[PDB]
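File shown: final_14.cif (mmCIF, C-alpha atoms).
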data_structure
#
loop_
_atom_site.label_atom_id
_atom_site.label_comp_id
_atom_site.auth_asym_id
_atom_site.auth_seq_id
_atom_site.Cartn_x
_atom_site.Cartn_y
_atom_site.Cartn_z
CA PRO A 7 -0.92 -6.05 23.63
CA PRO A 8 -2.55 -5.45 20.21
CA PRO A 9 -1.02 -6.54 16.90
CA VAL A 10 0.69 -3.18 16.56
CA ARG A 11 -1.08 -0.06 17.79
CA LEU A 12 -2.56 2.02 15.06
CA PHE A 13 -4.98 4.90 15.43
CA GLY A 14 -4.97 7.10 18.49
CA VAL A 15 -8.33 8.83 18.59
CA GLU A 16 -10.98 6.13 18.30
CA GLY A 17 -8.25 3.56 18.07
CA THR A 18 -7.70 3.48 21.79
CA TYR A 19 -11.30 2.29 21.73
CA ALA A 20 -10.48 -0.22 19.05
CA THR A 21 -7.35 -1.38 20.86
CA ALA A 22 -9.33 -1.84 24.04
CA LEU A 23 -11.95 -3.80 22.15
CA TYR A 24 -9.23 -5.97 20.64
CA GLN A 25 -7.34 -6.73 23.86
CA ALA A 26 -10.56 -7.23 25.79
CA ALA A 27 -11.74 -9.71 23.21
CA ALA A 28 -8.31 -11.35 23.35
CA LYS A 29 -9.12 -11.92 27.00
CA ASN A 30 -12.54 -13.09 25.81
CA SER A 31 -10.42 -15.31 23.55
CA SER A 32 -13.03 -14.98 20.80
CA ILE A 33 -12.06 -12.00 18.69
CA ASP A 34 -13.35 -13.44 15.43
CA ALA A 35 -16.79 -13.99 16.92
CA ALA A 36 -16.83 -10.47 18.29
CA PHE A 37 -15.71 -9.02 14.97
CA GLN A 38 -18.17 -11.07 12.97
CA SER A 39 -21.08 -10.16 15.18
CA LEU A 40 -19.97 -6.52 15.18
CA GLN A 41 -19.77 -6.68 11.43
CA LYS A 42 -23.28 -8.02 11.30
CA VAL A 43 -24.80 -5.36 13.54
CA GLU A 44 -22.75 -2.66 11.82
CA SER A 45 -24.06 -3.86 8.49
CA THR A 46 -27.66 -3.76 9.70
CA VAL A 47 -26.99 -0.30 11.12
CA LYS A 48 -25.91 0.75 7.64
CA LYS A 49 -28.81 -1.17 6.14
CA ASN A 50 -31.09 0.70 8.52
CA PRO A 51 -31.29 3.92 6.54
CA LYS A 52 -33.91 5.86 8.48
CA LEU A 53 -32.20 7.01 11.66
CA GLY A 54 -29.61 4.29 11.18
CA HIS A 55 -28.19 7.07 9.04
CA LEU A 56 -30.16 10.02 10.32
CA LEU A 57 -29.41 9.28 13.94
CA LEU A 58 -25.80 8.49 13.59
CA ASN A 59 -25.45 12.18 14.43
CA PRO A 60 -25.76 13.11 18.13
CA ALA A 61 -28.37 15.69 18.89
CA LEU A 62 -30.41 13.66 21.35
CA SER A 63 -30.02 12.78 25.01
CA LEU A 64 -27.91 10.34 26.95
CA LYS A 65 -31.12 8.64 27.99
CA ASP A 66 -32.45 8.73 24.43
CA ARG A 67 -29.11 7.42 23.23
CA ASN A 68 -29.38 4.57 25.71
CA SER A 69 -32.81 3.72 24.34
CA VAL A 70 -31.37 3.67 20.81
CA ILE A 71 -28.79 1.22 22.17
CA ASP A 72 -31.61 -0.86 23.62
CA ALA A 73 -33.24 -0.97 20.18
CA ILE A 74 -29.90 -2.06 18.70
CA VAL A 75 -29.60 -5.07 20.99
CA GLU A 76 -33.15 -6.01 20.08
CA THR A 77 -31.97 -6.03 16.45
CA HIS A 78 -29.49 -8.78 17.20
CA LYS A 79 -29.28 -10.96 20.25
CA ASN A 80 -25.90 -12.12 18.98
CA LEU A 81 -23.35 -9.39 19.57
CA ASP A 82 -21.34 -11.12 22.30
CA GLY A 83 -21.39 -9.12 25.53
CA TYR A 84 -18.11 -7.36 25.03
CA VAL A 85 -19.43 -5.61 21.97
CA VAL A 86 -22.59 -4.96 23.99
CA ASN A 87 -20.27 -3.39 26.53
CA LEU A 88 -18.78 -1.54 23.57
CA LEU A 89 -22.29 -0.22 22.91
CA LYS A 90 -22.38 0.96 26.51
CA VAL A 91 -19.06 2.74 26.09
CA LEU A 92 -20.14 4.51 22.95
CA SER A 93 -23.44 5.56 24.49
CA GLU A 94 -21.71 6.76 27.63
CA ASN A 95 -19.09 8.65 25.66
CA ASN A 96 -22.05 9.75 23.54
CA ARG A 97 -20.03 9.25 20.43
CA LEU A 98 -21.91 7.43 17.71
CA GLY A 99 -20.08 9.32 14.98
CA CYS A 100 -17.20 6.93 15.37
CA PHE A 101 -18.99 3.62 15.47
CA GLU A 102 -18.28 2.57 11.93
CA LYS A 103 -14.91 4.23 12.44
CA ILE A 104 -14.27 1.88 15.30
CA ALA A 105 -15.69 -0.94 13.22
CA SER A 106 -13.17 -0.31 10.46
CA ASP A 107 -10.34 -0.04 12.95
CA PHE A 108 -11.35 -3.25 14.70
CA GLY A 109 -11.35 -4.82 11.26
CA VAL A 110 -7.77 -3.69 10.78
CA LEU A 111 -6.74 -5.07 14.17
CA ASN A 112 -8.74 -8.23 13.60
CA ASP A 113 -7.33 -9.00 10.18
CA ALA A 114 -3.89 -8.19 11.54
CA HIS A 115 -4.61 -10.81 14.17
CA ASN A 116 -5.80 -13.13 11.41
CA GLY A 117 -2.73 -11.96 9.52
CA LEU A 118 -3.66 -10.82 6.04
CA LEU A 119 -1.31 -8.50 4.23
CA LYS A 120 -2.93 -5.58 2.51
CA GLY A 121 -1.87 -4.02 -0.73
CA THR A 122 -3.02 -2.22 -3.80
CA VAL A 123 -1.65 -2.01 -7.29
CA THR A 124 -2.96 1.37 -8.38
CA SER A 125 -2.63 1.75 -12.15
CA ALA A 126 -4.04 4.00 -14.87
CA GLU A 127 -6.54 1.36 -15.95
CA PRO A 128 -7.60 -2.05 -14.58
CA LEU A 129 -4.85 -4.55 -15.32
CA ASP A 130 -4.99 -7.97 -16.95
CA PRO A 131 -5.96 -10.95 -14.78
CA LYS A 132 -2.70 -12.53 -15.90
CA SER A 133 -1.00 -9.39 -14.62
CA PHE A 134 -2.93 -9.64 -11.35
CA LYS A 135 -1.92 -13.26 -10.95
CA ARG A 136 1.70 -12.65 -11.87
CA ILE A 137 1.84 -9.80 -9.39
CA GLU A 138 0.14 -11.92 -6.71
CA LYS A 139 2.72 -14.62 -7.33
CA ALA A 140 5.55 -12.08 -7.28
CA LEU A 141 4.41 -10.49 -4.04
CA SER A 142 4.08 -13.86 -2.36
CA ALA A 143 7.49 -14.82 -3.72
CA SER A 144 8.97 -11.60 -2.37
CA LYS A 145 10.23 -11.47 1.20
CA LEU A 146 7.51 -8.87 1.83
CA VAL A 147 5.10 -11.76 2.35
CA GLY A 148 6.16 -13.45 5.59
CA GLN A 149 4.05 -16.49 4.70
CA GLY A 150 1.98 -15.40 7.65
CA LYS A 151 0.05 -12.66 5.97
CA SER A 152 -1.52 -12.96 2.56
CA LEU A 153 -1.78 -9.88 0.36
CA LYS A 154 -4.84 -8.07 -0.82
CA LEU A 155 -4.38 -6.85 -4.35
CA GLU A 156 -6.74 -4.02 -5.00
CA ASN A 157 -6.57 -2.45 -8.40
CA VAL A 158 -7.32 1.24 -8.34
CA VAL A 159 -7.92 3.23 -11.50
CA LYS A 160 -6.11 6.52 -11.47
CA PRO A 161 -5.64 8.03 -14.95
CA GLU A 162 -3.99 10.96 -13.13
CA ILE A 163 -1.23 8.46 -12.60
CA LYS A 164 -0.77 8.46 -16.37
CA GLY A 165 0.19 4.95 -17.41
CA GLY A 166 2.59 2.56 -15.71
CA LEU A 167 1.81 0.90 -12.42
CA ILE A 168 2.53 1.39 -8.79
CA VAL A 169 2.59 -1.54 -6.43
CA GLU A 170 1.99 -0.78 -2.78
CA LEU A 171 1.89 -3.03 0.27
CA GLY A 172 3.55 -2.63 3.64
CA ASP A 173 5.46 0.66 3.83
CA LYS A 174 7.11 -0.36 0.61
CA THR A 175 6.10 0.70 -2.81
CA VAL A 176 7.60 0.50 -6.22
CA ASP A 177 6.35 3.23 -8.42
CA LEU A 178 7.02 2.62 -12.06
CA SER A 179 4.20 4.81 -13.20
CA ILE A 180 4.56 6.63 -16.50
CA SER A 181 3.57 9.93 -14.93
CA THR A 182 6.51 9.89 -12.50
CA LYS A 183 8.99 9.02 -15.23
CA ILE A 184 7.68 11.74 -17.53
CA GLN A 185 7.74 14.14 -14.60
CA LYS A 186 11.35 13.40 -13.87
CA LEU A 187 12.35 13.41 -17.52
CA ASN A 188 10.71 16.75 -18.10
CA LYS A 189 12.10 18.26 -14.91
CA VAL A 190 15.69 17.27 -15.65
CA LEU A 191 15.15 18.38 -19.26
CA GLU A 192 14.14 21.77 -17.91
CA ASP A 193 17.62 21.70 -16.39
CA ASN B 1 12.20 1.87 -21.44
CA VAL B 2 9.64 4.67 -21.49
CA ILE B 3 12.64 6.88 -20.73
CA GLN B 4 14.47 5.47 -23.71
CA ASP B 5 11.47 5.75 -26.03
CA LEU B 6 10.79 9.35 -25.02
CA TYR B 7 14.48 10.19 -25.33
CA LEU B 8 14.98 8.46 -28.64
CA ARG B 9 11.92 9.76 -30.38
CA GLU B 10 12.13 13.33 -29.15
CA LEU B 11 15.88 13.83 -29.63
CA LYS B 12 16.23 12.04 -32.93
CA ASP B 13 13.11 13.37 -34.56
CA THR B 14 13.52 16.94 -33.39
CA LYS B 15 16.65 18.64 -34.62
CA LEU B 16 17.28 22.37 -34.61
CA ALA B 17 20.05 24.40 -36.21
CA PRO B 18 21.00 28.05 -35.31
CA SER B 19 19.30 31.15 -36.74
CA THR B 20 20.54 33.41 -39.55
CA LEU B 21 23.08 36.17 -38.93
CA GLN B 22 20.63 38.81 -40.21
CA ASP B 23 18.17 38.04 -37.38
CA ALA B 24 21.15 37.97 -34.99
CA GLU B 25 22.28 41.42 -36.18
CA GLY B 26 18.94 42.82 -35.01
CA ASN B 27 19.51 41.43 -31.52
CA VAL B 28 23.12 42.67 -31.20
CA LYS B 29 25.09 45.89 -31.68
CA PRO B 30 26.17 45.90 -35.37
CA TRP B 31 29.20 48.25 -35.40
CA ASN B 32 30.51 50.34 -38.27
CA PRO B 33 34.23 50.98 -37.51
CA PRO B 34 34.95 54.46 -35.95
CA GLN B 35 36.63 57.04 -38.18
CA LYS B 36 39.61 59.24 -37.34
CA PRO B 37 37.91 62.15 -35.50
CA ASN B 38 40.55 64.88 -35.80
CA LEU B 39 43.80 65.82 -37.49
CA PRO B 40 45.64 68.42 -35.31
CA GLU B 41 47.05 71.67 -36.77
CA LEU B 42 49.99 74.06 -36.27
CA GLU B 43 50.26 75.70 -32.85
CA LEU B 44 49.58 79.44 -33.30
CA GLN B 45 51.94 79.76 -36.27
CA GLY B 46 53.37 83.18 -37.18
CA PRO B 47 55.50 85.59 -35.08
CA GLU B 48 52.63 88.13 -34.92
CA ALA B 49 51.53 86.75 -31.56
CA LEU B 50 55.10 86.05 -30.47
CA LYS B 51 56.37 89.59 -31.07
CA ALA B 52 53.34 90.92 -29.21
CA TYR B 53 53.97 88.62 -26.23
CA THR B 54 57.70 89.40 -26.06
CA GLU B 55 57.13 93.13 -26.04
CA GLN B 56 53.95 93.20 -23.91
CA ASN B 57 54.92 90.82 -21.13
CA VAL B 58 57.28 92.31 -18.58
CA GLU B 59 55.27 93.10 -15.40
CA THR B 60 58.33 93.98 -13.29
CA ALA B 61 58.03 96.35 -10.33
CA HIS B 62 60.32 99.22 -9.30
#

Translate this file's structure into structure tokens.
Amino acid sequence: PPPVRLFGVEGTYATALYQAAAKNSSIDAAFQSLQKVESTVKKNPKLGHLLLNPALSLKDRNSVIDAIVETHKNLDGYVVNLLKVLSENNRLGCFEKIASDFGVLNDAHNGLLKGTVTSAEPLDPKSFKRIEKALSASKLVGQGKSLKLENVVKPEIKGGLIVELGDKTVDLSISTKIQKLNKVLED
Amino acid sequence: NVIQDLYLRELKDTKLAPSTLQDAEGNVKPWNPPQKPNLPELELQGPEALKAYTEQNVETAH
């Protein structure tokens, strides 16, 4: 059973990878090695970008796979079986997609809460820290998952702040308040 | 907060008062009070008609 199913298309692949590596026991190893080969795929720019797009054979695809396992002899065998799956399904256009998804499952398994505090401008580090403290203090943190605080800059969200994490947000942006004030003052 | 500031500043600092009656008059029907249209007169005064009608009107058959 995965740590909560997420993603259907491509994520059945990710789920499978997760549960299979749960039966491998080593999920972290798998993820780390996948991360490393994925990174060198991205840092292979000629045909590691320009042949991420299927247009070539099953057999040619297989030989690309063979080149990939020459690039790293550490990739476990489950993620080498994942290479087999992707070659067989001839879908390379969702390799990094699967990588991202496996990251989500993996860090859910690790248990790290995710969040973002989108604002109009990058906030103070004191603000960051106070918010980090607050979020950990709040019942939202289960003490089992540790927030990510990602500042996003969104001037379109004119002033204020919006805190986001879980399915729970508090939006005390200036834009929303102005919007509501204006709207009701058009009534 | 921001609500209060926006409210306070806008409301307090922006005051309007209604427009002049002259401008209003343009936008409405002004009205000048109707006059008396007619003063009636005597109903066919004089027995000239009457004598004629009394004599003339009979129209009885045999």

task: In Å, rounded to a single decimal, give me how far CA of residue 57 in chain A is from CA of residue 98 in chain A.
output: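 Between CA of residue 98 in chain A and CA of residue 57 in chain A the gap works out to 8.6 Å.
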
- Message: Env of residue 68 in chain A: 8 Å cut, atoms = all atoms listed in the file, seq-sep filter 4 positions within chain, self excluded. Answer as a PyMOL selection string.
- Response: chain A and resi 64+72+90+93

Would you kindly report the residues of chain A within 8 Å of chain B, using only C-alpha atoms, as a ChimeraX atom specification? /A:180,183-184,187

| message | Running the PyMOL selection byres ((chain A and resi 55) around 12) on this model by hand, what would come out? Give it as a PyMOL selection string. | response | chain A and resi 44-54+56-60+98-99+101-102

Practice item. Tell me, in Å to one decimal, how far CA of residue 40 in chain A is from CA of residue 61 in chain A. Key: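 Between CA of residue 40 in chain A and CA of residue 61 in chain A the gap is 24.0 Å.
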
(message) Given the point (-3.1, 7.1, -11.5) in the coordinates of this file, which residues lie within 12 Å, counting only C-alpha atoms, and how would they look as a PyMOL selection string?
(response) chain A and resi 123-128+157-169+177-182

Taken to one decimal, the CA of residue 62 in chain A-CA of residue 82 in chain A distance is 26.4 Å

task = Compile the contact shell of range 134-149 of chain A as a PyMOL selection string: residues with an atom at most 12 Å away, counting only C-alpha atoms, same-chain residues fewer than 3 positions apart removed.
result = chain A and resi 117-125+128-131+152-157+167-176

* Residues in the PyMOL selection byres ((chain A and resi 34) around 12), expressed as number ranges by chain -> A: 23-24, 27-28, 30-33, 35-41, 81-82, 85, 108-109, 111-116

Enclosing box along x, y and z for every listed atom of range 14-22 of chain B, padded 5 Å each side, centre and size in Å, one decimal, as AutoDock Vina command-line options:
--center_x 18.3 --center_y 27.9 --center_z -36.8 --size_x 19.6 --size_y 31.9 --size_z 16.8

ask   = Closest to residue 10 in chain A among A:110, A:71, A:80, A:42, using only C-alpha atoms?
value =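 Nearest candidate to residue 10 in chain A out of A:110, A:71, A:80, A:42: A:110.
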